[PDB]
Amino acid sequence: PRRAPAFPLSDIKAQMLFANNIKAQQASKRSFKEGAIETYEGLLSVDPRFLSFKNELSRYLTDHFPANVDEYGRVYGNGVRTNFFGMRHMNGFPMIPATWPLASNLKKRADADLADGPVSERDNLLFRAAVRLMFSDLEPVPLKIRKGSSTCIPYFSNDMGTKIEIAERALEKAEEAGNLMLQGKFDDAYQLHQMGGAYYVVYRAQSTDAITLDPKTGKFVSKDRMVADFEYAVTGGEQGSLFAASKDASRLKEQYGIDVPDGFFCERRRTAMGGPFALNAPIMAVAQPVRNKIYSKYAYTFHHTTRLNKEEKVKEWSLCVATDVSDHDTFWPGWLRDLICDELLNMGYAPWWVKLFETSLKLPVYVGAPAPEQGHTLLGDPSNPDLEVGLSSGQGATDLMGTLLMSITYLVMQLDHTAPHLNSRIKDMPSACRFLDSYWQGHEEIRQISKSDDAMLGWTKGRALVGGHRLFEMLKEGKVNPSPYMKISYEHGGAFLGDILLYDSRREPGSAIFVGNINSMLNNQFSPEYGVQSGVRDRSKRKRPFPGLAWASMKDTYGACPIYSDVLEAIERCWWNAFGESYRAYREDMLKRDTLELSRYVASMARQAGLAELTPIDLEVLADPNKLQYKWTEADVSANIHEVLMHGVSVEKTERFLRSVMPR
C-alpha cells in the first residue's frame, strides 16, 4: 500500500512550511520539552505536599467509594464508575515516546474488519441524506476566532489583528486557491494563499488515565498506551512497531531531582493537530452555520446542555443504550470524506470550496517532538495531498465530521438489529431525507442523542424495542461488533457528555437521572491539562483564564452526585493533612481574586460587580475554554462572556463569502 513520503526538517518541502519569522522557525525546531505544570498560582504539580495529598485522597476515596456499575455497564448507587487513582500522575511529564501519527489508516480499518465504503445502498442514501440535511439552507454568521490561538503553518502568529487579516484575506482568495487545487496546482495555492502545506502536530496531555492497585503486590499499575514508531506510521502498520509507551516516572528523580512517590506515573500524551489557518478559515465560515442549523432544527439529537436537558429525553425511552467507539479519529474513514464532497457537489456547493474541504482531510502532517532526539519530520507530500490519517483535530469541522459519521452509524445499527420494518421508509434520496429529518427530530420509535463518539441510543415502546434488548445483549456479550463502520461496544458506566446516567433498582430510563461525574470534578481541580500560565498577562489568551471561577459553579455541576458532600469533605480533610490549611478557604480566595480580575475583561459587569449575572456554564468555560471545544457551543454561553474568549471577522465579509459558496 505504498509507504508515505517523509522529509526531514532540513528538506525544502519542510522548510517551506515555516515562514521567515522567529515564531515559525522556533515551532519548526522545538525539541522535546517537559516539566511540572503550575497547577495553581504558586503550586507545582510535583509539590511534595500536593502529591501526598493526591496519594491519601485517591486511596481513601477508592477504598470508601468502590464503583457501582452493573453487568450491563449501568451505574447505580454511589454514582462512581471506577477507582480514583487516575489522579496519580506527575502532570507536565509525559509518557515516552508519544505516538507517530499513522499516515494511512486503510490497513488499520481493514484489519479491524471495518468497511471501505457504505455497505448497502440504504446506508449510502442515509450518509448522503445527512449531508443534505446538514449543509442546506444555512444562515451566514461571522467567523469567530479563539483569542491567543496560533495560526500554525506557515506564520504561527498569535496576534488577533494578524489572525483577522489572515482570515479575511483567506475568505477573499479561497475561490482562487480552490480552483488552483482543482488544477492540481497545490504548491501554487499554498505559496500564494497559504492554503495547504501541513497540519502541525502538537502533543497534548490527557492528565488522568487509568491506574489500578494490584491487591496481590500492593503495587500500582498504569494502563499501557500503545504507540507507533516512525516505520509503523509511514507504512500504515505494515512495518515497524506498535508498542507500549513508558509511563514510568522513576526517571524524574535521577533526571531532575524530583521525588517520585510510589504509584505516580508520567502522563498519557495524545496527538493533536494545528491546521494551517488560511485553509481552515473558509471551512470554519461554513461549519458554524452548519452547527447553528443542527443545534436548532435537530436539537433533539444534537443540542445538549444541562443534565436535565439530556434527562428529559432519555426519560421518555423504554431502553437506553450507552455506546462507546474505539479510537474514533484514527479510524474515521476517508471514504466518508469523499462521499461528503461528492454529495456537496451534487447539492450545488462551489467546486473550489469542496476542493478546499477535501484537501483539508488529506493534508500531510509535520511531526514535532514525540520524544527526545526524535521528530522534526514531515509525513506526506504537500505538492499532492493524499494522506489518510483519519480525522485531523485541527480541521475546521472535525466535530461535524465525527457527528455525521457516528449519527448515521448508530442509526444503521438500530435499523440492522432492531427496526427492519423501517427500511421501506428509505427508498431514495427524497425518502431518505424525510426519514432522517424525522429521526433526527426524535419523532421515530428509535432515537438517539449524540456528539461525535459519545451517544445514547433509545427505543420507545414498539416493534423495535424487542430488538433493542437483543442488541444490548449482543453488546454485553461483546463477541460481535454490531457495526460494519466503526468498532462499537457499550460504555462501562454509561455517560453522555460528562453526565453519568444514574439508574435506580428498576434499571430503567424512566426512573434514571443524569448526575455530574464526581471523578471529572477531581480531574479538573487537581489534574488540569495546563498550568495557569501566570506569565501571560492577557488572561483571555490563557488555556485556563480564570481558574478560581469554577468553584462558584461546582455545586451546580456536581451537586447531584450521590457522594458529592463526601468527596468535598475527604478533600478538606486530606488537604488539611497535606497543607495545614482549609481547601475551601483557599478556593474561596481564588474565587474572589478571579472574580475581581474578570471585571477587567467584561465591559458588562461594573468594575467590581459580582458574578450575579453569569451562568454555571459561563463559569466552567471561563475556567476551561476547552469545554467550549467538546462540551458546549457558542450559543450556550452568555454573549458578553463569549466575547471575552473570541473575536469575530466582519459579518459582511463572511456573508459575501458564504453566498459564493452555497447552492445558488
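All residue numbers refer to positions in the sequence shown, first residue = 1.
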{"item": "Between the two ranges 383-391 and 68-76, the one averaging a larger CA B factor in the entry", "value": "68-76"}
{"item": "139-147 versus 330-338 - which carries the larger mean C-alpha B factor in the record", "value": "139-147"}
{"item": "Criterion, highest CA B-factor; candidates, 483, 525, 431, 577", "value": "431"}
{"item": "Out of 36, 623, 43, 637, highest CA B-factor residue", "value": "637"}
{"item": "Among modelled residues of the same chain, the CA temperature factor third for residue 650", "value": "highest"}
{"item": "Ranked C-alpha temperature factor of residue 494 among modelled chain residues, by third", "value": "lowest"}
{"item": "B-factor third for the C-alpha atom of residue 32 within its chain", "value": "middle"}
{"item": "Third of the chain's Cα B-factor distribution that residue 617 belongs to, per the entry", "value": "middle"}
{"item": "Position of residue 196 among the chain's modelled residues by C-alpha B-factor, lowest, middle or highest third", "value": "lowest"}
